[PDB]
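Everything below concerns the one structure shown next.
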Amino acid sequence: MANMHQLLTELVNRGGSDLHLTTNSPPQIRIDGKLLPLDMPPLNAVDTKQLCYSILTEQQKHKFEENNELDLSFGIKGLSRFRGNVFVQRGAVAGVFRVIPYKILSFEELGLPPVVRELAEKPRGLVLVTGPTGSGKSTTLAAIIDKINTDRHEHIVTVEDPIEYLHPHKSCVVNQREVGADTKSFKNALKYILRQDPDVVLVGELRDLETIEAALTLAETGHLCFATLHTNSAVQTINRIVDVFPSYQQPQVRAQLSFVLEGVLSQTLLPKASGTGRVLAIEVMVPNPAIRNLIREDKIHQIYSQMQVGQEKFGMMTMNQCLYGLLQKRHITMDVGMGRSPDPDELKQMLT
Amino acid sequence: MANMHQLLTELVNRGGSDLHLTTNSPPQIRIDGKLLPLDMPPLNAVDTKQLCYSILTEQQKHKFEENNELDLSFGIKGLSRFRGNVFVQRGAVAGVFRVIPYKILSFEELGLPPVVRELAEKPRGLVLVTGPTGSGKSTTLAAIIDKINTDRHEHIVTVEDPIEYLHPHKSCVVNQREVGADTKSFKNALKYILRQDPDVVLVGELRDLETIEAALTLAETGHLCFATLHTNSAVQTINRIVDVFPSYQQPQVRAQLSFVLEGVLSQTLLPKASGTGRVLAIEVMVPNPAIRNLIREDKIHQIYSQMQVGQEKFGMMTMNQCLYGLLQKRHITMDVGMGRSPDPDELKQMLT
Amino acid sequence: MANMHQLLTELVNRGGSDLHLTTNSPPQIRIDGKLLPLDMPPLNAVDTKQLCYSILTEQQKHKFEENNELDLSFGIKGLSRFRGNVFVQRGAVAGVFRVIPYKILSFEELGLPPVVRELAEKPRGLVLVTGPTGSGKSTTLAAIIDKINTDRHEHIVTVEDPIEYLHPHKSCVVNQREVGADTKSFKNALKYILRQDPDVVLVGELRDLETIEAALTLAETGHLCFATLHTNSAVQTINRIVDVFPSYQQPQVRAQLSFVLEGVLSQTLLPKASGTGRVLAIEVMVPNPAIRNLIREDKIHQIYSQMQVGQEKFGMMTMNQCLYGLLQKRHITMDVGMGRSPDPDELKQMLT
Amino acid sequence: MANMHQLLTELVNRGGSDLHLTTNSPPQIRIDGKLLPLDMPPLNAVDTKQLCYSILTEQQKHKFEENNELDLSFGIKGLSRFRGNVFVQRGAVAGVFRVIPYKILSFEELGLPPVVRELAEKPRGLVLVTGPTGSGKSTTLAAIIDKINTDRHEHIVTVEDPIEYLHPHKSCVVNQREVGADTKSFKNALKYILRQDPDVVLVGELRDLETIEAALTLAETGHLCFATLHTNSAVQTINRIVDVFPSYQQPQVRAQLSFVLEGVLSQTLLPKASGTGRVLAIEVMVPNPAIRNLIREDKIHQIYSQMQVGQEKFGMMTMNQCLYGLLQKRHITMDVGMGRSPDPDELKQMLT
Amino acid sequence: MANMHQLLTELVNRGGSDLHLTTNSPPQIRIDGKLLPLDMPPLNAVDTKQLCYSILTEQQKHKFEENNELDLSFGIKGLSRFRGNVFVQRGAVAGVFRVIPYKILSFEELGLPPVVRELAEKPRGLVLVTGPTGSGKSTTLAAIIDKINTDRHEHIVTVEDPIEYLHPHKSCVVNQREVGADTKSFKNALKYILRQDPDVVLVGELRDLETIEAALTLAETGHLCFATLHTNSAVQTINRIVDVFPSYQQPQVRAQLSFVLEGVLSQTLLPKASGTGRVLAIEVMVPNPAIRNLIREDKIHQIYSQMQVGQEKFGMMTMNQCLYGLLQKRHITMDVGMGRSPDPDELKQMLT
Ligand SMILES: Nc1ncnc2c1ncn2[C@@H]1O[C@H](COP(=O)(O)OP(=O)(O)OP(=O)(O)O)[C@@H](O)[C@H]1O
Ligand SMILES: Nc1ncnc2c1ncn2[C@@H]1O[C@H](COP(=O)(O)OP(=O)(O)OP(=O)(O)O)[C@@H](O)[C@H]1O
Ligand SMILES: Nc1ncnc2c1ncn2[C@@H]1O[C@H](COP(=O)(O)OP(=O)(O)OP(=O)(O)O)[C@@H](O)[C@H]1O
Ligand SMILES: Nc1ncnc2c1ncn2[C@@H]1O[C@H](COP(=O)(O)OP(=O)(O)OP(=O)(O)O)[C@@H](O)[C@H]1O
Ligand SMILES: Nc1ncnc2c1ncn2[C@@H]1O[C@H](COP(=O)(O)OP(=O)(O)OP(=O)(O)O)[C@@H](O)[C@H]1O
């Protein structure tokens, strides 16, 4: 297991995002999104199995061997937590491991504007931070969470599969439930969450319509609800959300959403223009009454225009506006911003 | 268990709403909505398990250990009843506990207007008191119930999961059924409720369409039916109610509702402007024939206008009208009322 | 068990409608709709269990203890039959008991007009007597049944859960089947009813669409079919009946109903104006060809007008017309009739 | 087993596509699409069973004998991999075997234009290579895959039933999962694929709507997704894709597809005009913004026109345009191209 | 069993279509469609059971005794194959047996025009031969199959329940799979058919929508697919085919059908006008581009007109046109042709 300790130590030490372990390759680490093979012998099935098994319970070993899959989380005392996935490929064990720092960075350390912190003082509603896997969403969510834990005397509940970031008690009481151990299911967690007197809730992935209904109920019943999506924009998010429902319930969903929605963020971690480190590009939508009317009226497409003009009033920001700030600040290259701009000529006009 | 007795004693003694118990935090109590950590050592899993187990049957212990969840209710002789939820988080026992006083307050003690008491003399129909969890709904419902028990020679049946407020016999015969012990299910309770010759019924949460159909049947079959929702307004409630049905049955539901509906209340407990205690803010809708026509005709949006003008005739009251009374009486601050007003300028006009 | 015999004896002797038995209350009896506690000690769980168990088979005891619910019927030789419901509340046995006289009253004793007796000579179709639970429906149905049994040489079959009124043989052969003992289910009864050569059928409650289809089949296949509903008017009944079907089958249902429907009654037992005894208020709809056209054409709302004008020709009678007769005869008070009148001014015009 | 080794050796040695083994026929090999019986005795059930069993595990033998079917893949060290199907016909074992070379050919060796190689540098999206079974799709896909493995430092994951082409590590980490051994199902693979930090994904056949949704999610969540279809054209492919969804979700699918779609290829292996060897005929669709608008707007039919004019800008190519190049180069005969041309006169005009 | 051998021998010897065996009747044979009782004692249950059991395996005996039904096929060496159905009626064994000659007749022997033989050279698509049971469909299909087996070096796969005609190897490799022995199901056969490298496929009856989708997939994926229906005309066939699909997929089905459909035949065996033997009457539809447009455009009714005019170009032939040829050739009587003519006056006009 000592080898594994050193690989995770190097992952941490090298600012690496993720460690990949598979047979016939040396361990490889993703740093700022790119793989680097380590100067190590190629792994065999014995190596991957013994190292991965060194951090498993008898039940977890039984579980992976029962399913050839295992999602899990674990902590290394004095170092960090990690999220692990173990699987089987070509008849051999393989593993992927995500870092979870013990220390959650602040908005300014993350390059996040102050308006998210003011959102952290909201007593209730749903504010969404979206983007692909590992785009800092759990980390961002954890920063907002830690700020509330520090600042409020409220009840924070998280439901996670598995628990990633740990939020020990500050000013809040924080309870963190791992699905399949602490609670039978997300569904079971929702079966008991209203009897646990929460104020703030982390619900994990918006996996199905039922979870969406649960989130709408939570945000409308006096709770602060946090959730994630893998969508890339506010409009794409809203269309995705409406269309999961049968046609007859989308009117209600639009009214509900207009009432309970407090924010939509769509974020990504990009390689920095300097060639070292990664930088966050984020599109920000803050609903105003006009936007809430657009939500109720099924006039989704014009929402982009509100984000184009909500910079001064509400701190809103289209992705192109974020690319503009990163480009003037030389945080990103011209090609990535233009390659993502829905109107590259527009971003040029904003830049010049 | 003596420790637990003292925490619940302090909860009662301190006018605290809810007690929160979890590991690595001292016991914390929500008083008037806000958490206060007690000057006690942080709890461990052993503490939470032994204390919570001290009030469990062997079956209840088996049940929580079987599910890592348990909703339950219990009484402390000479003190109070309590509703408990026990769950597991981070691999450790946690618990939340709601007070249930033995004495139910009256309308005037609760700040409830006399019209609800006149509603308590209604022989049948459905009157709904809604709001978020712990907004006094069960307490309000219990006060109306106790008034009927005191005043009528009728049959009161409650179905609860679990039984919260106890209503010993006054002038009525009162039977209280806990789902999963007294009856197999809400569904089973409804299977036998018509053969038990009831006059007044408490059905618990409107959890599904079937429960809605049961309530419509009860209110139309000569019974007085009580139910709760977590909606925040009459219009939001009605839209929610109609939209749960398939499109083809909403016409019937509108006709049924127009016939059987006798009242919709949407209430909340707010921190008082004085900074000590909590005050009820409540929106009141009493259907008149005009409103019943609006119900049948699917002209829901104009219902708000009827509540704006039903103050003198029927005692109706919009939320803004309630905020007006609380603001002139300095019961609530200007910011909370304005932050909840659908037209803050309108509330200002009413105030000045 | 002797105590129980005396309570049921008092129930019979006192003209009481229903006996209620539950812990921490003396036995209470509903007489003319209102509860009276008996001058007896409060019951405990032991009392209710021993008394109720004294009239149970080992299977029935097992059944209630298996389900904490039991619907049942039983006879007391030389006294009466009774319908019982036993359940559990607050962890204790409770029971409710309805009287079933051995002697069925006649139309004139019941205040029922002669046209129902002429309906009793109809060879086939469906005539419905509706109203809330215990509104005399089973008793009314039994009177019509007993008249046919007395007058016809036909085959009467009843399917009941449980069997209530017993109809020993007069001129008909009368077979009475209790669901769950005599037959597996209502569905099973319908599976075998056509092979039992019936002429007259009692089907119990119209519990689902399937039962409705069975009743339509029976009435169209040369049988006389009896059924109940808990609806309060002909129009409300018809709308309820049509809307249970998918939209595509309602046209057929309207044609079928127009063919097979022979009568709709909506009845209620009301406290008498004298303050002693109860009086039947009943709305009567007898389909004429015009009404049958209205049934086929989905022009339901105008049916009320036909009942307003079918007094002289067919003996039809709106609820207001019944209230008129009861008011001129001082059988009911002005407030109950007006409180139920869809147009109280209309009833006043009819009265003055 | 030595006999089987020689048949597969001849299959490889003779440039044969596929080996067919069944009773009462000698082994027959498909070379360039056409069967040739080998100068061997006819097989019996004993021959086919012993030879096929010589390459099976006890579980695989049990599996075929349990199901009379088995799909499988295997390698012959120093020779090649093979995909096998074993089944039963007329009560006897039969087998079919596809070659899988250890060496994947390059685009130029395959006659594939350079634009596919530039597509191989795309960081994400879905590019589809379609055509009938054994039309070189897995081989083409493997060539693109091997190019990425050679050129990128990324994570390649394949899910296959069974694994066909093996891609040992070059510059990427490549994990290959066989459904039913490495992973429980395609569904299970998708359950864990997002926790394995992939960059490039091979998903196998687009077998159902769920797989389509998974592919859309992968392409939108920052991954490069590879999939196959057995469709023969871009328009036929798109119509097939849209119509698998319920009508209410096709709008979203069109928006999603317009966002994530990066390429549609429809390919076939044809006998060469020379009479020796086979030649690829391929229709190429590369979405441009105009095409993406056509995708969003449900204006599918005009897509063919864009391919007719996307030769110079994007390297697009209709099937007729491919037939034109093959005909001028005398790679295919006039009859095959004309027999497949949707407008043979158009192809003639292009040729003359 | 010797008796049974003689009955089947007489069936073969007498040119009888089918043998019927049941108790209390002598064996009866259908010759040219009409039953003839044999000059034999009436059968009892013992006779039918022993004779039928004489050709059963222990499993087949168990199977019939388990189900009182059995479909099966068997061969008599040096004589013929037979398709058997064994069942139970009135508590006794009964059996019906269809002949399957070892020698398949040619098109000219069958009176089939040369165009079907040219269709036998088609590399792919679906050509359908329909008609009632025992109308020569399997025999016709077998003749086309045998011609391909003789003429091509391709892979022929049949899936049958049970296998009827046997096609030993000629120039093709022919594998014949009996459902329930060789393969688990038609569904399982389709699960493995694409991994068996087929060129030509016989799929049996088009039993459900899934089979239709499988056939469309096969015909579009480069295979030659054979299937049967019991429809009597091209238009009736097409309407039947479209309407099995949900309304939303019929557009796609029309496009698919227009692409993959290569022929529709609707055939019948009729008693000859001479009074000895039977003659085939067949309606022939060969799709042209105009017809393919009609398929895509849902303009089915006008397809009959194309068959009326496709005689010279494509060899198409309406049923009336076939009756015309048979009537001028005195193969059928005037009454049968006129009794089947959709316009008997039209057939008269064609004849005179
Ligand atoms: N502003 C940031 N700058 C650079 N790296 C960041 C930033 N925010 C988060 N990260 C890093 O992104 C990686 C993923 O973190 P995180 O798990 O929170 O993202 P995620 O989107 O929630 O992943 P998942 O979808 O699996 O939950 C981590 O290495 C984290 O340190
Ligand atoms: N007028 C009131 N003023 C102050 N506190 C009140 C008032 N009415 C009720 N409460 C308190 O609110 C808290 C919750 O009481 P209650 O359970 O009745 O509300 P609830 O909405 O029914 O909760 P749940 O949704 O779980 O059933 C209790 O502490 C109760 O004493
Ligand atoms: N005309 C009447 N006047 C006074 N009491 C009546 C009259 N008719 C019936 N009753 C009484 O009403 C009570 C209920 O009788 P019954 O069971 O027939 O009504 P029900 O509607 O069928 O009840 P359920 O719905 O449970 O079947 C009995 O006490 C009966 O004697
Ligand atoms: N350009 C090419 N020229 C000649 N043969 C080729 C070419 N590309 C692939 N092939 C051959 O086609 C045959 C099938 O290869 P492959 O399995 O990749 O096709 P496929 O469509 O993926 O089959 P399946 O649908 O079963 O996955 C092989 O013999 C392969 O060598
Ligand atoms: N041209 C023909 N002339 C006379 N008899 C024929 C002709 N073609 C086939 N038959 C005979 O028709 C009878 C049925 O043969 P066959 O099983 O092929 O028809 P089928 O429609 O496929 O029956 P099924 O629907 O059960 O598969 C046989 O006796 C066969 O010899």
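Residue names in the structure tokens use chain letters A, B, ... in the order shown, residue numbers from 1 in each chain, and ligand numbers from 1 in the order shown.
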
task = Compute the set of chain A residues within 6 Å of chain D, using only C-alpha atoms, and express it as a PyMOL selection string.
result = chain A and resi 35+85+88-91+96+132

Go ahead and save the picked residues with C-alpha atoms, as a PDB file, in the first residue's frame.
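Everything below was put into part-v3.pdb:
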```pdb
ATOM      1  CA  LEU A  35      -1.940  12.806 -18.642  1.00  0.00           C
ATOM      2  CA  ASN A  85     -13.693   4.494  -8.778  1.00  0.00           C
ATOM      3  CA  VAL A  88     -12.371  -4.038 -14.301  1.00  0.00           C
ATOM      4  CA  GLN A  89     -11.102  -3.885 -17.859  1.00  0.00           C
ATOM      5  CA  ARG A  90      -9.629  -6.669 -19.966  1.00  0.00           C
ATOM      6  CA  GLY A  91     -10.021  -8.915 -16.948  1.00  0.00           C
ATOM      7  CA  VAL A  96      -9.280   6.325 -11.030  1.00  0.00           C
ATOM      8  CA  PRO A 132     -18.676  18.764 -16.878  1.00  0.00           C
TER       9      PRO A 132
END
```

key: Residues within 9 Å of residue 291 in chain B, only C-alpha atoms, excluding chain neighbours under 3 positions, as a PyMOL selection string   = chain B and resi 258+286-288+294-296+300+302-303+306

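Atom pair atom 9 (C, counted along the ligand's line) of ligand 4 / CA of residue 325 in chain D: separated by 18.9 Å.
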
inquiry  = Can you work out which residues are within 6 Å of ligand 5, considering only C-alpha atoms and all ligand atoms, and then hand them over as a ChimeraX atom specification?
reply    = /E:17,99,110,132-139,278-280

Take the residues from that selection and put them in a file with N, CA and C atoms, as a CSV table (one decimal), in the first residue's frame.
```
chain,number,residue,atom,x,y,z
E,17,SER,N,-52.9,-33.5,-49.3
E,17,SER,CA,-52.3,-32.4,-48.6
E,17,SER,C,-52.0,-32.7,-47.2
E,99,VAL,N,-47.5,-32.5,-45.3
E,99,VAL,CA,-46.4,-33.1,-46.0
E,99,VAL,C,-45.3,-32.1,-46.3
E,110,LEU,N,-44.3,-25.3,-60.6
E,110,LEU,CA,-45.3,-24.7,-59.7
E,110,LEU,C,-46.2,-23.7,-60.5
E,132,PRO,N,-53.0,-17.8,-47.1
E,132,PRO,CA,-53.4,-18.6,-46.0
E,132,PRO,C,-52.5,-19.7,-45.7
E,133,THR,N,-52.7,-20.4,-44.6
E,133,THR,CA,-51.9,-21.5,-44.2
E,133,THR,C,-51.9,-22.6,-45.2
E,134,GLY,N,-50.8,-23.2,-45.6
E,134,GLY,CA,-50.7,-24.3,-46.5
E,134,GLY,C,-51.0,-23.9,-47.9
E,135,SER,N,-50.7,-22.6,-48.3
E,135,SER,CA,-51.1,-22.1,-49.7
E,135,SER,C,-49.8,-22.2,-50.6
E,136,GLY,N,-48.8,-23.0,-50.1
E,136,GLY,CA,-47.6,-23.3,-50.8
E,136,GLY,C,-46.5,-22.3,-50.5
E,137,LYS,N,-46.7,-21.5,-49.4
E,137,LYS,CA,-45.8,-20.4,-49.1
E,137,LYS,C,-44.4,-21.0,-48.8
E,138,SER,N,-44.4,-22.0,-47.8
E,138,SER,CA,-43.1,-22.5,-47.5
E,138,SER,C,-42.5,-23.3,-48.6
E,139,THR,N,-43.3,-23.9,-49.5
E,139,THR,CA,-42.8,-24.6,-50.6
E,139,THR,C,-42.3,-23.6,-51.7
E,278,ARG,N,-54.6,-29.1,-57.7
E,278,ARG,CA,-54.8,-27.7,-57.3
E,278,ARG,C,-53.9,-26.8,-58.1
E,279,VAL,N,-54.4,-25.6,-58.3
E,279,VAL,CA,-53.7,-24.5,-59.1
E,279,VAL,C,-53.5,-23.3,-58.3
E,280,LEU,N,-52.3,-22.6,-58.5
E,280,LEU,CA,-52.0,-21.5,-57.8
E,280,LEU,C,-52.6,-20.2,-58.4
```

task = With a distance cut-off of 7 Å and only C-alpha atoms, select the neighbouring residues of residue 226 in chain A, excluding the residue or stretch itself and same-chain residues fewer than 3 positions from it, and output the selection as a ChimeraX atom specification.
result = /A:126-128,201-203

inquiry  = Which residue is closest to residue 268 in chain C? Choose from C:130, C:24, C:106, C:3 and count only C-alpha atoms.
reply    =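 Between C:130, C:24, C:106, C:3, the residue approaching residue 268 in chain C most closely is C:130.
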
message = Taking only range 125-296 of chain D into account, list the residues labelled strand (DSSP E or B) by DSSP (computed from the backbone), as a PyMOL selection string.
response = chain D and resi 125-130+155-160+173-179+183+200-205+224-229+261-271+278-285
